[PDB]
Amino acid sequence: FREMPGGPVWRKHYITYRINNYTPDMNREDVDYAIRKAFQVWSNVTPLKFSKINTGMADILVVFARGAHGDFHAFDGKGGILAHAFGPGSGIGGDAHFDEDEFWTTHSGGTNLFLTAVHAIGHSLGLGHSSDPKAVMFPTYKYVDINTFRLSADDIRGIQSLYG
Ligand SMILES: CCCCCCCCCCCCCC(=O)OC[C@H](COP(=O)(O)OCC[N+](C)(C)C)OC(=O)CCCCCCCCCCCCC
Ligand SMILES: CCCCCCCCCCCCCC(=O)OC[C@H](COP(=O)(O)OCC[N+](C)(C)C)OC(=O)CCCCCCCCCCCCC
Ligand SMILES: CCCCCCCCCCCCCC(=O)OC[C@H](COP(=O)(O)OCC[N+](C)(C)C)OC(=O)CCCCCCCCCCCCC
Ligand SMILES: CCCCCCCCCCCCCC(=O)OC[C@H](COP(=O)(O)OCC[N+](C)(C)C)OC(=O)CCCCCCCCCCCCC
Ligand SMILES: CCCCCCCCCCCCCC(=O)OC[C@H](COP(=O)(O)OCC[N+](C)(C)C)OC(=O)CCCCCCCCCCCCC
Ligand SMILES: CCCCCCCCCCCCCC(=O)OC[C@H](COP(=O)(O)OCC[N+](C)(C)C)OC(=O)CCCCCCCCCCCCC
Ligand SMILES: CCCCCCCCCCCCCC(=O)OC[C@H](COP(=O)(O)OCC[N+](C)(C)C)OC(=O)CCCCCCCCCCCCC
Ligand SMILES: CCCCCCCCCCCCCC(=O)OC[C@H](COP(=O)(O)OCC[N+](C)(C)C)OC(=O)CCCCCCCCCCCCC
Ligand SMILES: CCCCCCCCCCCCCC(=O)OC[C@H](COP(=O)(O)OCC[N+](C)(C)C)OC(=O)CCCCCCCCCCCCC
Ligand SMILES: CCCCCCCCCCCCCC(=O)OC[C@H](COP(=O)(O)OCC[N+](C)(C)C)OC(=O)CCCCCCCCCCCCC
Ligand SMILES: CCCCCCCCCCCCCC(=O)OC[C@H](COP(=O)(O)OCC[N+](C)(C)C)OC(=O)CCCCCCCCCCCCC
Ligand SMILES: CCCCCCCCCCCCCC(=O)OC[C@H](COP(=O)(O)OCC[N+](C)(C)C)OC(=O)CCCCCCCCCCCCC
Ligand SMILES: CCCCCCCCCCCCCC(=O)OC[C@H](COP(=O)(O)OCC[N+](C)(C)C)OC(=O)CCCCCCCCCCCCC
Ligand SMILES: [Ca+2]
Ligand SMILES: [Ca+2]
Ligand SMILES: [Ca+2]
Ligand SMILES: [Zn+2]
Ligand SMILES: [Zn+2]
């Protein structure tokens with residue numbers, strides 16, 4: 001099962017975001033492109049509609065933070081945790097908080113925001129991990145370029161199991 005166990009449900013269809021704050025590590029244009037491109041994965045396989053606002057409330061608050069920051073959790077440092085993604089719904093939750101003591105880079109063997117944000121939006125929609133050794137929701141990372149990116153049959157099967 002590629003779904004999160006429990007009853008993940010948003011009951012919301014038209015979803016929006018704001019990028020809270022821009023990282024020094026990779027610049028604001030390259031962030032807002034990476035997070036556009038992340039979102040635009042799951043629209044090609046969802047009936048959900050995703051938009052960006054510049055006024056009002058973001059449903060999925062994308063925020064770049066470090067430390068014991070709130071929410072008890074903690075972000076670790078360089079390495080370890082890449083995101084605190086929540087699960088779906090209104091309020092605090094439905095959100096994907098990234099670690100900023102992480103050093104995020106668009107180079108092939110450095111920490112990729114695109115490939116993480118995709119699963120972190122997935123975590124937020126109610127997806128867990130996959131178990132086919134070609135999937136993106138597999139635990140271990142495998143690097144794939146931004147634009148030659150494709151979801152694997154298992155991963156598509158898991159969002160279609162959930163929203164079908
Ligand atoms: C009817 C008559 C009306 C007259 C109107 C006069 C004109 C008013 C114009 C208002 C201009 C408002 C500017 C604006 O919205 O600023 C918002 C910003 C950014 O919003 P946003 O982009 O979400 O920033 C997010 C990132 N973060 C969390 C790192 C801040 O916010 C900031 O960047 C954060 C600012 C923090 C200030 C903190 C001060 C704390 C200590 C002082 C507390 C005093 C309490 C009374
Ligand atoms: C009449 C009774 C007293 C009323 C005066 C009370 C004091 C008002 C304080 C306003 C302080 C303005 C501070 C400022 O520069 O705001 C910039 C905002 C930007 O907000 P935003 O775009 O959210 O910035 C986001 C940053 N990000 C993405 C990295 C997270 O940009 C704006 O939203 C555009 C408007 C900025 C200026 C607003 C105030 C103009 C002057 C107000 C009165 C001055 C009297 C000397
Ligand atoms: C002694 C105790 C009292 C001290 C009072 C201190 C008041 C401090 C006000 C300014 C705080 C600014 C701190 C700061 O650097 O925020 C940076 C962020 C993100 O930085 P980040 O992008 O994380 O990289 C930081 C280093 N960088 C750019 C050189 C590569 O940038 C943002 O997230 C965007 C928001 C930009 C606001 C630009 C506002 C400039 C006006 C500052 C106040 C002017 C009064 C003359
Ligand atoms: C007698 C009790 C009367 C009560 C009347 C209250 C009526 C208020 C009407 C509000 C309608 C417009 C709302 C709207 O479009 O808001 C947009 C912005 C504020 O957006 P906000 O996201 O807060 O700031 C956006 C920019 N950012 C991110 C850089 C900070 O803000 C704007 O762009 C500026 C719009 C100013 C609207 C002034 C309307 C004056 C009508 C006054 C009627 C008689 C009052 C005596
Ligand atoms: C200390 C600082 C001030 C703190 C208080 C500020 C005000 C508190 C109440 C704010 C309520 C704002 C209402 C407002 O946003 O109206 C906006 C509309 C439509 O804007 P729209 O952009 O569609 O909705 C904005 C919000 N958004 C971005 C999240 C989707 O646009 C309007 O429909 C147009 C403007 C109409 C104003 C009419 C005022 C009528 C007064 C009549 C008096 C009759 C006396 C007999
Ligand atoms: C000079 C500038 C100073 C600024 C100081 C801080 C001011 C706090 C402003 C809070 C205003 C929030 C306005 C609000 O309506 O936010 C709504 C968003 C989403 O609402 P949403 O369900 O999308 O639309 C509501 C329904 N509609 C379409 C029928 C209007 O939902 C929210 O984002 C959830 C509510 C957040 C509550 C935050 C309340 C803070 C109170 C303490 C402020 C202390 C400031 C020192
Ligand atoms: C009745 C009135 C109520 C007054 C407010 C009460 C609020 C009480 C609840 C506080 C919750 C604080 C949660 C928290 O730690 O948020 C921190 C955030 C982000 O996490 P963090 O990673 O710490 O941000 C570090 C800087 N960054 C963005 C560049 C990576 O921090 C940021 O994004 C920076 C925001 C601007 C902070 C500028 C400095 C404010 C100094 C004064 C604080 C006054 C508090 C009363
Ligand atoms: C100032 C006069 C001298 C004070 C005596 C100090 C005596 C020893 C105190 C304990 C030693 C603390 C040393 C220190 O600098 O701690 C600062 C802390 C944490 O520093 P640190 O953990 O490096 O910050 C890491 C990064 N961060 C912000 C992203 C989490 O900073 C924070 O965690 C930020 C605190 C934010 C509080 C915001 C308001 C929260 C309570 C509001 C309640 C409102 C209703 C009452
Ligand atoms: C500043 C800008 C940048 C921000 C960067 C990201 C910063 C992250 C801060 C962490 C996020 C903060 C959001 C927040 O409001 O959390 C409040 C928490 C829990 O809210 P809650 O609605 O319980 O959480 C529901 C959703 N959940 C469990 C799935 C997450 O609640 C608590 O923390 C507990 C607080 C004590 C509440 C005690 C009760 C108050 C009412 C008492 C009524 C007494 C009646 C006699
Ligand atoms: C003598 C006993 C008296 C008790 C009176 C009531 C006390 C209620 C507040 C209790 C707070 C206790 C500590 C706690 O739960 O902190 C929660 C988290 C901490 O996560 P953590 O990362 O450990 O925070 C490090 C510190 N920080 C945020 C400054 C970097 O930090 C948060 O997540 C920050 C966000 C907090 C949102 C608070 C919203 C309250 C909404 C209440 C509306 C109803 C009021 C009637
Ligand atoms: C209570 C009298 C307050 C008078 C305030 C007048 C000024 C209001 C300024 C605007 C504040 C925000 C208005 C608001 O509810 O906006 C929507 C947000 C977020 O919407 P969303 O995230 O979609 O959640 C929607 C579902 N909903 C509304 C049922 C929670 O929903 C929320 O953020 C819910 C926030 C709830 C705060 C409840 C505090 C109870 C304290 C104990 C009071 C005891 C009463 C006897
Ligand atoms: C007679 C009637 C009196 C009514 C008084 C109001 C009573 C009801 C208050 C609202 C209660 C909820 C407040 C709260 O927790 O706001 C948090 C929001 C976002 O939390 P949210 O993401 O909505 O989840 C909150 C969950 N909750 C309520 C279960 C804790 O936080 C945010 O949206 C961020 C806001 C950051 C504001 C920082 C302002 C710093 C100072 C700015 C400059 C001031 C210059 C004058
Ligand atoms: C509600 C009543 C009780 C409230 C009690 C709490 C009051 C707290 C007020 C805020 C004090 C700041 C607390 C604190 O030390 O937190 C630590 C932050 C570090 O967080 P952050 O900057 O994210 O971490 C920096 C390091 N980095 C890039 C590797 C991640 O910051 C630092 O370590 C430096 C703190 C610098 C303060 C003075 C800044 C002078 C700036 C001069 C440049 C602007 C001049 C206009
Ligand atoms: Ca980390
Ligand atoms: Ca949310
Ligand atoms: Ca960083
Ligand atoms: Zn957290
Ligand atoms: Zn993963």
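We count from 1, first residue shown onward.
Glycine is no exception: its Cβ is also placed from the backbone N, Cα and C atoms.
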Ca(2+) 2 site partner of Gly91, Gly93, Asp95 according to Swiss-Prot, chosen from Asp59, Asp76, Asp101, is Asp59
Considering the Zn(2+) 1 binding residues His69, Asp71, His97 given in Swiss-Prot, which of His84, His119 is annotated for that site as well?
-> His84
Inter-residue C-alpha distance, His97 (Zn(2+) 1 binding site) and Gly79 (Ca(2+) 3 binding site) (nearest angstrom) = 15
Of the binding-site residues listed here (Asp25, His69, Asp71, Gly77, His84), which is spatially closest to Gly91 (Ca(2+) 2 binding site) when Cα positions are compared?
-> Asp71
Which of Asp71, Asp95, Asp99, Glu102 has the fewest nearby Cβ atoms, counting only those within 10 Å, among these binding-site residues?
-> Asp71
